[PDB]
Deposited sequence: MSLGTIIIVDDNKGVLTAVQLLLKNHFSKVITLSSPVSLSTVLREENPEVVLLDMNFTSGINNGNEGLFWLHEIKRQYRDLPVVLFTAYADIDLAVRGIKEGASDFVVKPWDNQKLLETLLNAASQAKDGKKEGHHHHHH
């Protein structure tokens, strides 16, 4: 089955859109823009995947990828990247991100990337 996904983004509209897109696939969709909130939900909510804004808190996405992986080594993290940041998304993959999705996104590709990230052996 598919449990919880956490979406981390500075842009409340992106959170609104992604929640709407993913609401009916995952059991729970948690959206947030706070580092403090992120720490609580990672501990308590047994997430299956995190979708992480490349520019979160713009130290940005790569910093947060690292900190999440430090504590939750097996939690897939997918970076959500503007085209202007694709070099940093590629560096993210090198540094252990599970995948990335570029913005503006394709709705079906976004879902598929997240399901696949949450469905690795």
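For this chain, which runs of the deposited sequence have no C-alpha coordinates, given in order from the N-terminus? Several regions go unmodelled: 1, 60 to 64, 128 to 140.
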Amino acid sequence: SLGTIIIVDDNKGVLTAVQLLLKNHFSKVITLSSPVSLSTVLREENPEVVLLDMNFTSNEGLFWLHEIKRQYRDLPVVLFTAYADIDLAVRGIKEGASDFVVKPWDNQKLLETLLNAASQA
From here on, numbers count along this sequence of modelled residues.
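Can you tell me whether 101 to 109 has a higher mean C-alpha B factor than 7 to 15 in this record, or the other way round? Per the PDB entry, the higher value belongs to 101 to 109.
Going by the mean C-alpha B-factor recorded in the entry, which is higher: 90 to 98 or 60 to 68? Looking at the recorded C-alpha B-factors, 60 to 68 comes out higher on average.
With respect to the C-alpha temperature factors reported in the PDB entry, which of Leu79, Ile30, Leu75, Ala84 ranks highest? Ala84 has the highest C-alpha B-factor of those listed.
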